[PDB]
Each structure stands twice: as C-alpha cells, then as structure tokens.
Asks: 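Sharing a structure below in structure tokens format, with a few things to ask.
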Amino acid sequence: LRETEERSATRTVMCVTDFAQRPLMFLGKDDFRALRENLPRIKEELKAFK
Amino acid sequence: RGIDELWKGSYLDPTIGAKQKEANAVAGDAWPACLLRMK
Amino acid sequence: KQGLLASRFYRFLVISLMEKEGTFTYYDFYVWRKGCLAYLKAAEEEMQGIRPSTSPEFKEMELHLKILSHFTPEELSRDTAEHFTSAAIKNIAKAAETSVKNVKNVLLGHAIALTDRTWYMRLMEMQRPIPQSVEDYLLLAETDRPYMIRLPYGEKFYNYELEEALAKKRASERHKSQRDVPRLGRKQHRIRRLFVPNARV
Amino acid sequence: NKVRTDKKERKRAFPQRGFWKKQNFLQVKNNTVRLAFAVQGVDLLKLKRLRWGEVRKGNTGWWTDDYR
Amino acid sequence: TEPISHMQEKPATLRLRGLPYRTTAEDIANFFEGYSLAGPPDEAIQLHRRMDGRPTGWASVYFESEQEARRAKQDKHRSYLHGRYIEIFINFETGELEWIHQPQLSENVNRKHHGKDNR
Amino acid sequence: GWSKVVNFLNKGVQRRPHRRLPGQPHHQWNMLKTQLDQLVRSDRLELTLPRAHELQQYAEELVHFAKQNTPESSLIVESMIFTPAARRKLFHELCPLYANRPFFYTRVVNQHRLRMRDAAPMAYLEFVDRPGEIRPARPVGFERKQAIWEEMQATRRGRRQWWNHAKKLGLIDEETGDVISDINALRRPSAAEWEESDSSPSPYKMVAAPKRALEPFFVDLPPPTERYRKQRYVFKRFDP
Amino acid sequence: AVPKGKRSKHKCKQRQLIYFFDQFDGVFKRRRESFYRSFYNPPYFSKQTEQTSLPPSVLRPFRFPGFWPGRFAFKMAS
Amino acid sequence: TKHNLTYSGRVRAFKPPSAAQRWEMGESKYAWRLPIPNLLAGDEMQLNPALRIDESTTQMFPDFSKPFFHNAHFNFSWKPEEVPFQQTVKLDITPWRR
Amino acid sequence: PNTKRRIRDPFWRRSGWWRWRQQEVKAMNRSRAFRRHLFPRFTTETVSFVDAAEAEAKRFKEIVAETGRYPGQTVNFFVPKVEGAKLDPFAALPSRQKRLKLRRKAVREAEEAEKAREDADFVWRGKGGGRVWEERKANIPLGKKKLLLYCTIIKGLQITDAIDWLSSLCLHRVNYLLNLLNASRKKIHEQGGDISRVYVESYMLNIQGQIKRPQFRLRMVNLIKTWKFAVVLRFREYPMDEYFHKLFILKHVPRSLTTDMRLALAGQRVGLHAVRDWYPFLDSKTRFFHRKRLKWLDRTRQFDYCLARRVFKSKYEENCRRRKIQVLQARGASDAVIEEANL
RNA sequence: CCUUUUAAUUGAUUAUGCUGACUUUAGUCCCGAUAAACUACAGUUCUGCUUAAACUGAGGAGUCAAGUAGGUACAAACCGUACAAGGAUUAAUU
C-alpha cells in the first residue's frame, strides 16, 4: 500500500530561502555565473543609488 | 524467556492469526473429582 | 492450490481498493469490482490451464456490476447514498431486472468499501499491519474499525452502514426484558434469584 | 467534579454572553501531539481532515489533483 | 423552433463562472474547441447580462448530449481563460427530486461551547 | 423585546457617519487597520454587512494614497498598514492593477443570508478586478474607450447614446463626422507597463504560465496556502 | 411595584395576537423576503463543512414537476 | 508517541537526570580523546562529539571578542579561557550618598 | 431596519377600528372574498365527502347510549369505564389513525372509480376531501407562547412554503419543527402523495412537562423551567378539483412555486412559451389581470369552468407522467418494463 | 335493592392551613474585563501582563486542596493516567 512513484532527482539548482527555509528563488549555474560576472557593476549601481 | 507464557497463544498474542487463536481457545471439560482422586 | 489463489485474491482486493486516491465514488466502486471479477476470471483460466465462474459469489458480482451499469452518470459521480430515494432504488431494480434487496446490497457494499478505505488509510499512515484474511479482518474490526466522525453544533454524520447496523441493533435489543438483570439501585427478587435458571453457569 | 457533588451548577442557572476558548494553550498542546506523531512519520492533522472514504498518500490533496 | 431559447426542450447545458469582462462567445467556443455544441456558437453560447448589458461573469453553454457535456466539464473544470481559471457546473436536474431528502437538522446547537465559523 | 421600539426610538435620529466598533477608539482603529491588512493579503473577506461597509472606506483610502507615490502619501499608507506582506502586495500588485482606475477599487456584496450561530447578516468585501472576483470589473482608460467604440459600432442606438461622450473621448472623426476606424491609434503607454528605456535555448528557461512564470523542474512542496496548516479550532472540554 | 391582580385569559390571548403581529412584521417577513431573494444566487458553501457536505453546486431545483414543461431527464447513453 | 507526551493532566514533564548525566558512572565529556576508547571503537564507532552536532539546531560560531550568548555552543557550567576578561558590575545601591 | 416600516395592530388603527367599524369592514371583506369565486354554470351532480368510519363510530355510540347494550347484545349490557379498568368499552371501534388510514383507502378507491365514470367532468365536490396525515413530534424544548407564533406562521400554507418560512428564521429551536416537516414530506412522498398539493391544515400543541432547576439568589432560591412540548400537524392532499379552484380561479398560489417559476424564467431554463404558460400564476400583477380577464370572459359566458378544469388537470397529469417515463428511460429500461410500469 | 346496624371518628368556597400540580406578573429582569485572520503564488494581526529552562556532580527551594480539577474524536461518555534504580547503553534494529 505504501509504494509510490519513482522520480529522477537530476536537475542541479540553488535555492534561496528566508530565515525559516521558505523558498524565495531558484537559480541555475548559468544564472549564477552571469550574476557573478555582472557583480562589479552592481556595486557601482548600489553606490550611485545610495 | 518465560514471561511470554502469560499471552502466548491467546487473543493477546500478536504473532498469530485469528484461526490459530480460535483453535487455541477451544477447550475440553474440567477435571472431575472422581479422576482427581486417583492421582 | 486454492489457498494460494484465495490469498492472492484477497491481497489484490485490498491493494486495488486502496489504489484510487481522493474520494471513492460509485464509479470507482464499479471499476474496483470489475477488476476483482477480471482477476477471478484470470484465476479460473490459470486453474483450467493445468469453478469460480459457476459460484454464487461470482454470480453475485455479476449482478452487482449489472446493477451498477444502470446508475446514471451523476449517481456514479456521487459518493454517498444519502439522496437515493426509494422510488429511485425501485426504478433501478426494475431496470436491472433484480430486487430492491440486491440494489441495497450494492449500496451497502459501497458503504463498507468507504469505511474499509478509511480504516486502511489510518492503519497505513500509522504503519500498522493490515489484516491479511477475512478472519483477521473480522477479528480486528470488532474493536479497531472506525465508524463515524463527530461534528460540532450537533449536526449528524451520515453512514449508510451505521444506519443499517443501528436499525438492526435496535430491532434485536428492543423488548429484551430487564426482569432478571441486576441493575444498580433497583431492588432484586431474592426468591426468583433462588429458583429461576441462570444461563451464565 | 465528575461525581456532581460540587455547587458548580449554580452559576449555570444564569446566562453569560460567552466563554474563553483557551486557544493558545490548546493549540500548543495540539502541536506538541502533532510533533510527537510527526517525528515518527505520521500526519495526524491530515488523517483528521480526511473525508469519509478518502485516501491521500503522502502530503497530497486538491492541489495534487489539480496539477496531476 | 431553431433557437435554443425558443425550444420547449433544452439540450444538455453547462454553467461557467469566473469569466472576465473581455470574454466573448467566440472566446468561449475556442475554450470548448474539440467538444460538440448544440449548434453554432451564437446559439450554443449565451453570456448572461444585466438590464444595462454589463457582463455578469456567468455563461451558459449548450452541448449535443449529456455525455459530451460531462466530458467537457471533466476536461475543462478549473482550466484557464484570459488569466482566470473557470469553474463549470452541470445546470440540469435528474428528475429524482433529491431535495426531498433533507439532512437531519441539529437539535443540540450549543452555540456558546463551539468554535467560531461562518456556517 | 418589541420591534416597533426601533421606529419609536429612531424617530428624529441621524445615521452615524462611522459605525462604531466595540471597545475604545484606539482599539477600534487597531481592529480596522488589522482587517484592512488582512483584506489586502486575501483579496476578499467574509464579514458582517456593517463591518464590510465600514472597512470599505479605509480600503479605498489605502489604494488612493498608495497610488499617489509621494513621501507624504507613503507615510499615510504606512500609518494605515501593519505587515510587510500587505505592503508588498499593495504596492507591487494592486497599485499597478489600479494604475488607470481613478477611484472605487472595492465592492461589498450582501450574501442575503443570516449566519447560523448568531443570526448575523453576512457579506463579502473584495478588491475589484482580481482573479476569482464575484462579478467582472468594468474597464478603465483605453480599454473603456475600446468598449464604448465597440458598443457604438454594434448598433445605431449605441452610437446615438454615446455620441456626445464620444466627442470628448476622441472617438469621433471630425473630418467625416463618423466614428474613427483604427481605435488602436488611441493607444498610449500606461503606468502599469515597463518603460522600454532599457532597450530561449537555456536548459533552465522559465515556462510561460497565466499568472507567474514556472520553473522547468519539480519541487515536492504544497502551494503556500497549504504548506503550513493547523487545526482551525481545538475543542475546549466542558468541566462539570 | 407589583400587579394588583391576575391578568385574565382573554387579555393574555389579546397579547398573544398583538405580539404575533409585532414579531411577524418586525422580523419574520423581512427574514423570509431576504431568504427568497437569496435564491437568485448559488447556495452558500461553507469551507468548514467540506468534510461532510456535498460538492459545490449552482443549480436550484424546480420543485413542482406538474408545472414543468421541459425535459426531466436525459435518455441513457450507449 | 512514547515519552514525548504525558498521558495525564501533567503539563510539564519532570525527569530526573540520566545515569550518563550523573557524575559517578556517568559519561566523561573528554573520554572520547583517550587511547582505550579509541582502541575499542575500531571502525564501528566514531567518538568525536563534533560529529553529532545537529546542523538544523546549532548556530554559527561567533567571534569571542564581541557580544554573544554562552548557551550557543558551550553546554557546560564554566567560562572558557579563550573568552576575554569579563567586567564584574556591582550595584550602586546608595547613589544619593555620592 | 427601515425605522419607518408600518407594523400592524389587529385591534387598533388610526383610521378607526372600533367594533362597529370592524363589523362593517369585515362584511365588506367577506363580500369581496365570496365574489372572488367563479363557479361553473352547469354541473351534473353535487357529490359531497363523507367519512364512513366516523359515521359508523357515531352510530355505534348512539346505539350504546339508546339501548344500554352493544349492537347485537341480547343478554348483557354496556359497561362504562371505571378507575383501574384495563378494558376499553369501545375497543371494537378504530382509533383515530386507523380512521385516517381508512380515509386514505376510501380516497384511493374513489379516485380509481372516478376514472371509469361518465360525466365525471361536470361534478361539483367542494372544499373538503382528499387524503389526510397526522404527524407528531415530541420532546421539543419550547413553550406554548413561541410555538403559537411558529405555527400561526405556517398554518394553511403549502408544505414547501412552510419549510421555506421556518428555514428563513435562523432560530435554533425551530429545527425541531423543520425536522418534523421534512420527515412528514418525505413520508407522504414515499407513500405516493403529491407533495405539490399538500397543505398544513391545522396544528395541535400538547404539553408534556417542564424540568426545573434551582437558581440561587440574594434572599431566595428560585426554580427556572425548561419546557417539554409535543406538536401534532395535520397535512391534507388537496384533490385536483380543489387544487384547480384554488390556484387558477382564486389565485392563491404557493410563493415557493412562483419563485421557482421566476427563477426558471430568469435563468432561461425553459422556452419563451413558458411566460404565457405561467402567466396565470407568475406575479401579483399577472395574477390580478388574469383574474380580471377570467371574470370578464365568465360574465360574457365565453369562459368554461369545466373545460378549463379539464385542461389544467390534463396538463398537470401529463407533466407528472412525462417525468416518470423519462426518469425510467434514463436508466436504460426495456420497453416491456416501461409498459408494465403503467399498469 | 330493601331492612337493621356501623367507634366512619362520615359531608370543606376560607385557618398569611399542610402536601403538591399548574397559571399571572412575561416571553419581562438577568448575557462578567478586547479582540482578528487562517489566504487565486514567500512572510511577522493587535492588545493586557511579564520567573517561560525542563541534567550540566545539587530530585531541579515548600506546605495544603482537588477522596485523582488541564489525558482522549468539536464527548458534561467509554478507556487511560503520580514508577525515588526513571529502565530506550535505542550511537540499537532497519
């Protein structure tokens, strides 16, 4: 009675959660690397908007 | 080791089925005094 | 030979009863009963390869399926017997060429299926052994099988099985004299205790 | 008391507008029971909420029906 | 009598709720693409309006058979149309008069010792 | 009691502009703010008819001041609201949704039924133009222009009945004296859209869906309305 | 202050009728009118009675078959 | 449910300290570093208590030079020497006199 | 509420409700009510309802009183009931419920017999007649004063009208009356009565007692009471002729029926012909103007009471028969089964 | 039946009579102190008051009462509940 379906855990992804582990956003490796590349300009934009 | 005898084979036994419980529950007559006097 | 087939038939009965998820409607009942009948027919095929078809139980399953086939689609989508009118049951019996008694037997079978599904769900969630035969089922149902849900504001919970069982229980228990039953706070008849026979000896 | 020897029935002869529900305390107790069951893999709340004849394995429901 | 509103006997019907203001009979027909209606969309689909013609958000769709109506309900219940999932209901009786079987009304309503609800 | 005493005691009496809730004024204000926050979070609340009628005005005030987008109106909205979820929902969903709606962002619907437990008349209070609304919201702005244009073209009665309003709306062509042909010519960018001054094969490309983009993978979690739940009421036992 | 005599059966009957009319015209007529106007909308479905109630429905029955000119049921399919 | 519930009107469960928590015949909190226990452990057991830390309960280590709670990671009734000198404040009960 | 609503008083009025004024006004009202009737101008007979069981009981008791003996007694004499007696001197006679059952049997037999009588379409029968049920519910925790209100509400109404009435009130203790009404309606339907023409003809309240509880106060101890009452309702299935004369001629139509008609028309669940079909019963204005039209046609002798009654009865019966046939057909029944169902 | 007798303590509209039932007052008086939500795509309503640690070598600083007053399905039921070595060395089994 307790047997259930079989799924495939094969999609690597990063999860960002709040203090209570509630999910907020999921990013793949490509998005992560794009953010990493664009980081330096983001700091300048933060400074300018401050 | 021996304490199991308080429930083994009875309706409290968890390792046996209903038919076995009924079969174990069947019982005969009580010892009559006439036969008891011969022991 | 027959014992293995019967045990596997019971296992299939339970598993196929619990396969469906969500509400259990008359259509799901019909599908499950058809699966059971097909399993019996395949078992008969295996037996003859090396009689279920001629058994009264087999004929009764056929009659149940025939009665179900005369349910309207909305009745099949329903999941309780609350709104089946006596006229509707009579018309179903007329259309199926059967008896009101057999139609009510189909309804009672569905209600028993509902109760058994709830019981099996609870047992499975708590990881308790499921009874593996009719004897074990009957032995455990006298003390462990659920029968109702308690609701607020005094509203009534509908169980076709409980309605029938309570009606029968009241019919049996009615007018059972308390003349010789010792009741707290009632004076006893000592002479009648001395000469009237007592069946508990 | 259970033997009904006290005089607590005297106040119940007069109307009152309402009564405290002690929901904070009762919910703490209920969640303690739920945690005790859940550490062993039992969804007591789901069982209590199931409809008659309804079977739901795992943490499933109307949303599972919708997306499956 | 060709018009459905004129027929003494109506085909199997379904009732749709959740329709945005933009919804049109052609949109409903496209939503029901693949299912046999009782006629051309202008007759099979009838949006419900008030005295001023404002949409009510409710529609009546006629099908050629109860089997097709129930199949359409099963397939399209809670499916999306213009960003809002639509709810579908049968909208015809069985003739069995089930309303005669009313539930037993509580005789022990202890209001002051039960939880709050909007029953 | 006697029903005619209501007439007797209300002969020559004015209706109170504000319905007074139980408790002291600070408690009443706190209750109204809390229920406004909950209404923002839920898009609709089942209330008593008087309470819906009372909370409607504060909902309207919240939307009206949130739209203005000035420090003063922001502080007003802050004084009206309690929770970050309500703040986020308001500013990021209701304000863009009502960007072209001048006023009247809510509605009260009388259920025409008395509550079982205490015979309290019941109603709904809901924000307008949201999915699942009780009845469809009427259009505003260019969408309203298009609706009127379609009505004018549908029949001659519509043309006559909207003729004067159409002149102000700009749907009448002065050269020919008839209704314009290309209503799309009246399209203009709206505040709800993303200004384009900023001007597919990825394995994790988001999939289009009616309300929010969907991820191309599955996570075994119920929807947020079902993730965390508790018994609505734990029974309190009678002590005899 | 207390009554100086017992109110008679005649006057008690009069009071019964007067209070009946008062309650009628003050509560019961209004409640019945609201109840009958509520029929133009689908019946209320309490989410706290899901466990035992029927599935939500919109149709309201026509309860006098002798005045129904249309069809009562559809023929069985095949 | 086991002992996670009390099956009476008792609200707060009282349990005396366990035998391992006692001192005599109790578990020494530095015995895992001794030779004989490690000789007996073999490959069946790992005695380092750092391996039994529940990731979902413990907090990150703080800087000892900055304000932080003692209960987070110490779990004993004494002050580690690695925590800097602490200020002892004595109440001024008669400010008016001075 | 409206705060200006006109609340009625049965004994006083601004316009002047002295006893002479009441006499004059009620004479006017009686005249108007009588003139509201349209009567057939030709009938073959004036059959009147009689109750054989009641007549036989009356004659039995008259004989007992006149001769001091049971009918047929020649030696012994009648023995009245005394204290402690366990024998009922009138045990041979049927009980009230038995008489009701015999009335239903006689009504069924006369209904069957009328289907094979020539000139049955030109016979006047009058108000009384039809089957009668008496249903009782006990252990109601309400008093006489409230039960009188709740029963004065529903007396004389059609059963579904009464159920709607009592359901609209949102009173917890009216659930007892609602349960009684629902059970009675279900029972009559199962027995084969036409729910559409069952009315609440009368009620009866029977006290059972009152449970008393102490209430301790400053200087005395009081006793607060919880009532125990039973309610007996009399339901009557109107014969088709009475139903026609009530709904069609006098325009006394159940509001539940009218609401169902209006809901059907609003939802477009029926054809456009339904408007003229239901015009005689739909709304107050339509009913008034149809009554005026019928009065004018009768005074010009173009209206035919018997023909109109026959048309109404045939339409009603054919609608019911169609319901039965189509609900049978929805099950996939065979032609033989359907044909045999009509015998 | 009639007759004769009966010591029956034999006739009740009334003792602020006694034991009770049932009306009128009357559907009248009586309703204790602060409350909401449980969601068509994340969350943290507001208020009153503040001993809420439950091993860290230490029975966790008392007495008394409940003739078992916080167990248990929206139960004024049935069933169950005070272990002085605290028994699960259960880092086990799987």
Side-chain angles (χ1 to χ4, degrees), chain A residues 17-20 22-25, chain C residues 146 148-154, chain D residues 1-4 14-18 22 25-26 29 33 48, chain E residues 84-85 110 112-115, chain F residues 1 21-24 26-27 30-31 33-35 37-39 41-45 82-86 88 130-132 211-212 223-225 227-240, chain G residues 2-3 5-9 11-12 15 19, chain H residues 2-3 5-24 26-27 29 44-47 51-52 71 75-78, chain I residues 143 145-146 149 207 210 215:
Chain A
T17 75
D18 62 32
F19 66 93
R22 308 178 206 99
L24 304 178
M25 161 177 78
Chain C
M148 79 163 317
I149 303 169
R150 305 192 56 89
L151 304 170
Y153 301 96
Chain D
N1 47 25
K2 289 206 233 174
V3 282
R4 323 303 177 90
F14 297 92
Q16 318 280 328
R17 193 172 194 271
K22 287 289 173 322
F25 179 90
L26 290 176
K29 164 201 93 149
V33 172
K48 284 191 120 164
Chain E
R84 296 188 191 160
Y85 73 67
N110 224 12
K112 296 182 186 172
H113 302 280
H114 287 298
Chain F
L21 310 182
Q24 285 167 3
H26 65 114
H27 169 95
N30 274 320
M31 174 92 275
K33 286 207 285 172
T34 291
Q35 275 179 346
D37 197 286
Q38 293 159 352
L39 174 69
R41 264 169 315 170
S42 86
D43 310 327
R44 170 149 100 265
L45 280 183
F82 278 123
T83 55
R88 171 170 61 80
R130 282 279 291 163
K211 270 144 59 152
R212 304 258 199 282
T225 58
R227 281 179 194 179
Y228 310 96
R229 279 199 172 274
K230 63 220 164 64
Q231 282 199 32
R232 203 181 184 81
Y233 174 68
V234 189
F235 178 63
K236 201 206 152 234
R237 304 197 168 86
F238 198 95
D239 283 35
Chain G
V2 302
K6 181 184 174 179
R7 190 175 274 156
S8 67
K9 176 116 206 131
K11 314 275 291 141
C12 287
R15 291 186 64 77
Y19 193 56
Chain H
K2 302 189 190 178
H3 271 334
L5 289 190
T6 60
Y7 304 92
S8 53
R10 192 191 298 247
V11 180
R12 160 160 169 207
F14 173 98
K15 78 151 297 224
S18 60
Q21 275 159 6
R22 299 270 179 175
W23 184 274
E24 278 92 12
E27 172 167 65
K29 283 199 198 162
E44 276 74 354
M45 276 181 116
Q46 282 163 324
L47 308 182
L51 309 176
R52 262 89 55 55
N71 62 39
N75 186 238
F76 41 64
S77 284
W78 44 280
Chain I
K145 300 170 79 165
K146 286 143 181 281
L149 303 172
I207 191 166
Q210 56 230 45
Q215 190 187 40

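Numbers restart at 1 for each chain; the letters A, B, ... are given by sequence-line order, proteins then strands. Values below: all heavy atoms of this structure, side chains included; hydrogens, waters and symmetry mates excluded.
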Asks: Using the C1' atom on both, measure J/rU81 against J/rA85 and round to a whole Å.
Replies: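 Straight-line distance between the two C1' atoms is 22 Å.
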
Asks: Rounded off to whole Å, could you give me the CZ-to-P distance for the F/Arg237 and J/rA75 pair?
Replies: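 So the CZ-P distance, F/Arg237 to J/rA75, works out to 9 Å.
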
Asks: For the sugar ring of J/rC64, does the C1'-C2'-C3'-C4' torsion put it in the north or the south range?
Replies: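 North pucker for J/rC64.
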
Asks: Which value, in whole Å, describes the distance between the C1' atoms of nucleotides J/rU44 and J/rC38?
Replies: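 15 Å, rounded to whole Å.
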
Asks: If I pick the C1' atom on J/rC46 and the same atom on J/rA37, what distance separates them, to the nearest angstrom?
Replies: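 Roughly 11 Å separates the two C1' atoms.
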
Asks: Touch check for D/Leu26, heavy atoms < 4.0 angstrom, all strands: base, sugar-phosphate only, or nothing?
Replies: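 No contact.
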
Asks: With the criterion being N/O to N/O and under 3.5 Å, what pairs connect the protein with nucleotides 42-47 of chain J, and how long is each?
Replies:
from   : atom 1 : to      : atom 2 : distance (Å)
J/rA42 : OP2    : F/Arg88 : NH1    : 3.1
J/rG43 : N7     : F/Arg88 : NH2    : 2.8
J/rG43 : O6     : F/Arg88 : NE     : 2.6
J/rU44 : OP1    : A/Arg22 : NH2    : 2.9
J/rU45 : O2'    : F/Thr34 : OG1    : 2.5

Asks: Measure from the ring centre of H/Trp23 to the centre of the six-membered ring in the base of J/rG57, then say whether that distance is under 5.5 Å and the planes meet at under 30°.
Replies: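 Whether judged by distance or by angle, H/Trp23 passes, so it stacks on the base of J/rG57.
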
Asks: Given that J/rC38 and J/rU39 are neighbours in the strand, would their base rings pass a stacking test of centres under 5.5 angstrom and planes under 30 degrees?
Replies: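 No, six-membered rings of the two bases do not stack.
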
Asks: If stacking means ring centres below 5.5 Å and interplanar angle below 30 degrees, are the neighbouring bases J/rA65 and J/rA66 stacked?
Replies: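 J/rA65/J/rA66: stacking flag true.
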
Asks: Please figure out whether F/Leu45 or D/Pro15 has its closest RNA chain J nucleotide nearer the 5' end.
Replies: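 Counting from the 5' end, the first nearest nucleotide belongs to D/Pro15.
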
Asks: Are there over 12 heavy-atom neighbours, none belonging to F/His26, within less than 6.0 Å of that residue's NE2?
Replies: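 Yes, enclosed.
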
Asks: If you take the six-membered rings of J/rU14 and J/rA15, are their centres closer than 5.5 Å and their planes within less than 30° of each other?
Replies: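 No, the criteria are not both met.
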
Asks: For the base of J/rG57, is there a side-chain donor-acceptor partner from H/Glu24 under 3.5 Å away?
Replies: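 Yes, a donor-acceptor pair under 3.5 Å.
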
Asks: Rounded off to whole Å, could you give me the CD-to-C1' distance for the F/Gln24 and J/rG48 pair?
Replies: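 It works out to 12 Å between those atoms.
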
Asks: Rounded to whole angstrom, note down the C1' distance from J/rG59 over to J/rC83.
Replies: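 One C1' to the other, the span is 14 Å.
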
Asks: Quick one: the dot-bracket string of RNA chain J, using Watson-Crick and G-U wobble pairs with both distances under 3.5 Å, [ ] for crossing pairs and | for bases paired to another strand.
Replies: ..................................(.........).........................(.......)...............

Asks: Which residue, H/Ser8 or F/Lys230, contacts RNA chain J at a nucleotide closer to its 5' end, judged by nearest heavy atom?
Replies: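 Checking each residue's closest nucleotide, the 5'-ward one belongs to F/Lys230.
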
Asks: Looking at J/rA40, J/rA75, J/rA76, which one has an atom nearest to any side-chain atom of C/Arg150?
Replies: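 Out of J/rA40, J/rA75, J/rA76, the nucleotide with an atom closest to C/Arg150's side chain is J/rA75.
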
Asks: From the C1'-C2'-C3'-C4' angle alone, say whether J/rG80 leans north (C3'-endo side) or south (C2'-endo side).
Replies: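 Positive torsion, so north.
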
Asks: Check every strand shown and say whether F/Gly23 touches a base, only sugar-phosphate, or nothing at a heavy-atom separation below 4.0 Å.
Replies: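 Contact class for F/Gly23: none.
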
Asks: Taking J/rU47 as the reference, what is the distance to J/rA35 when you measure between their P atoms (whole Å, please)?
Replies: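 Approximately 15 Å lies between the P atom of J/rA35 and that of J/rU47.
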
Asks: I'd like to know whether CD of F/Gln24 has more than 12 heavy-atom contacts from other residues, nucleotides or ligands below 6.0 angstrom.
Replies: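 Atom CD in F/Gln24 is not packed in, count stays at 12 or less.
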
Asks: Identify whether a stacking contact exists between D/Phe25 and J/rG70, where the ring centres must be under 5.5 Å apart and the planes under 30° apart.
Replies: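 The ring of D/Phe25 is stacked on J/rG70.
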
Asks: Work out how far the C1' atom of J/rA73 is from that of J/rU68, and round it to whole angstrom.
Replies: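 Nearest-Å result for J/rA73 against J/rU68 at atom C1': 24 Å.
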
Asks: Extract from the structure each pairing of a protein N or O with an N or O of nucleotides 52-54 of chain J at less than 3.5 Å, listing the distance.
Replies:
from   : atom 1 : to      : atom 2 : distance (Å)
J/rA54 : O4'    : H/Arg12 : NH2    : 3.4

Asks: Provide the distance between the two P atoms, one in J/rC29 and one in J/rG43, to the nearest whole Å.
Replies: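 Comparing P positions in J/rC29 and J/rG43 gives a spacing of 48 Å.
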
Asks: Rounding to a whole Å, what distance do you find between D/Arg17:CZ and J/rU34:P?
Replies: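 So the two atoms are 11 Å apart, to the nearest Å.
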
Asks: Is the backbone of D/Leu26 close enough, under 3.5 Å, to the side chain of F/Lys236 for a donor and an acceptor to pair up by distance?
Replies: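 No, the answer is negative, given that no donor and acceptor are paired below the 3.5 Å cut-off.
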
Asks: What is the separation between atom CG on F/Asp43 and atom P on J/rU39, rounded to the nearest whole Å?
Replies: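 Atom CG in F/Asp43 sits about 12 Å away from atom P in J/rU39.
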
Asks: CG/F/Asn30 to CZ/F/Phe82 distance, rounded to the nearest 0.5 angstrom?
Replies: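 So the gap between those two atoms works out to 4.5 Å.
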
Asks: Should the sugar of J/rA8 be assigned to the north (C3'-endo side) or south (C2'-endo side) class according to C1'-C2'-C3'-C4'?
Replies: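 On the sign test, where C1'-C2'-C3'-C4' is negative, J/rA8 is classed south.
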
Asks: May I ask you to decide if F/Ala86's main-chain N or O and F/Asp37's side chain share a donor-acceptor pair within less than 3.5 Å?
Replies: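 No.
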
Asks: Name the pairs: protein N/O against N/O of nucleotides 66-69 of chain J, kept only if under 3.5 Å.
Replies:
from   : atom 1 : to     : atom 2 : distance (Å)
J/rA69 : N1     : D/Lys8 : NZ     : 3.4

Asks: For J/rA7 and J/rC2, measure between their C1' atoms and round to the nearest Å.
Replies: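 Those two atoms are separated by 26 Å.
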
Asks: Does D/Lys48 reach a base, just sugar-phosphate, or nothing at all? Heavy atoms under 4.0 Å.
Replies: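 The answer is sugar-phosphate, as D/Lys48 gets under 4.0 Å only of primed atoms, P, OP1 or OP2.
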
Asks: Is there any protein nitrogen or oxygen under 3.5 Å from a nitrogen or oxygen in nucleotides 22-28 of chain J, and what are the pairs?
Replies:
from   : atom 1 : to       : atom 2 : distance (Å)
J/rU23 : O2'    : G/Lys6   : NZ     : 3.3
J/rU23 : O2     : G/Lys6   : NZ     : 3.0
J/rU24 : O2'    : G/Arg7   : N      : 3.3
J/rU25 : OP1    : G/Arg7   : NH1    : 2.6
J/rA26 : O3'    : I/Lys145 : NZ     : 3.0
J/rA26 : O2'    : I/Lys145 : NZ     : 2.9
J/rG27 : OP1    : G/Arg15  : NE     : 2.4
J/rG27 : OP1    : G/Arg15  : NH2    : 2.5
J/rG27 : OP2    : I/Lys145 : NZ     : 2.9
J/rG27 : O4'    : I/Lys145 : NZ     : 3.2
J/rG27 : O6     : I/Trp227 : NE1    : 3.0
J/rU28 : OP1    : F/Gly1   : N      : 3.0

Asks: Could you check whether the six-membered base rings of J/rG67 and J/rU68, which sit next to each other in the strand, have centres less than 5.5 Å apart and planes tilted by under 30 degrees?
Replies: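 By the ring-centre and plane-angle rule, J/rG67 does not stack on J/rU68.
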
Asks: Starting from P on J/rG32, measure out to CD on D/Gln16 and report it in whole angstrom.
Replies: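 Between P of J/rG32 and CD of D/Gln16: 7 Å.
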
Asks: Inspect the surroundings of CD in I/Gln215 and state if more than 12 heavy atoms from other residues, nucleotides or ligands are less than 6.0 Å away.
Replies: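 Enclosed.
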
Asks: Provide, to the nearest angstrom, the distance between the CZ atom belonging to F/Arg229 and the P atom belonging to J/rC38.
Replies: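 Interatomic distance, CZ of F/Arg229 to P of J/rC38: 10 Å.
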
Asks: Stacking between J/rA75 and F/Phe238, yes or no? Criterion: centroid separation under 5.5 angstrom, plane angle under 30 degrees.
Replies: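 One would not call F/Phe238 stacked on the J/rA75 base.
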
Asks: Reckon C/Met148 touches a base, only the sugar-phosphate, or nothing at all at heavy-atom distances under 4.0 Å?
Replies: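 It contacts base atoms.
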
Asks: Donor-acceptor pair, D/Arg4 side chain versus D/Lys2 backbone, under 3.5 Å?
Replies: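 Yes; at least one donor-acceptor contact below 3.5 Å.
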
Asks: I'd like to know if the side chain of C/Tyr153 and the backbone of E/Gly115 have a donor-acceptor N/O pair within less than 3.5 Å.
Replies: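 Flag set: sc C/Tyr153 to bb E/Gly115 pair under 3.5 Å.
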
Asks: Please round to the nearest 0.5 Å and tell me the distance separating atom CZ of F/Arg88 and atom OG1 of F/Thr83.
Replies: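 Output value for this atom pair is 9.5 Å.
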
Asks: Output one letter per nucleotide in nucleotides 82-94 of chain J: B when a protein non-hydrogen atom lies under 4.0 Å from the base, S when only the sugar-phosphate is that close, - when neither is.
Replies: S---B-B--B---

Asks: Do J/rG20 and J/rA21 stack, judged by ring centres under 5.5 Å and ring planes under 30°?
Replies: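 Per the 5.5 Å and 30° rule, J/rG20 stacks on J/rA21.
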
Asks: Answer with base, sugar-phosphate or nothing: what part of the nucleic acid does C/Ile149 contact at a heavy-atom distance below 4.0 Å?
Replies: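 The answer is nothing, as C/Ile149 stays clear of every strand by at least 4.0 Å.
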
Asks: To the nearest angstrom, how far is F/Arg232 atom CZ from J/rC74 atom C1'?
Replies: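 Going from F/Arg232 (CZ) to J/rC74 (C1'), I get 14 Å.
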
Asks: Between H/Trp78 and H/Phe76, what is the ring plane arrangement, given parallel below 30°, perpendicular above 60°, and tilted in between?
Replies: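 The arrangement is parallel - the two ring planes meet at less than 30°.
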
Asks: In this structure, how many angstroms lie between the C1' atom of J/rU39 and the NZ atom of F/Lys211, rounded?
Replies: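 Those two atoms, NZ and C1', are 12 Å apart.
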
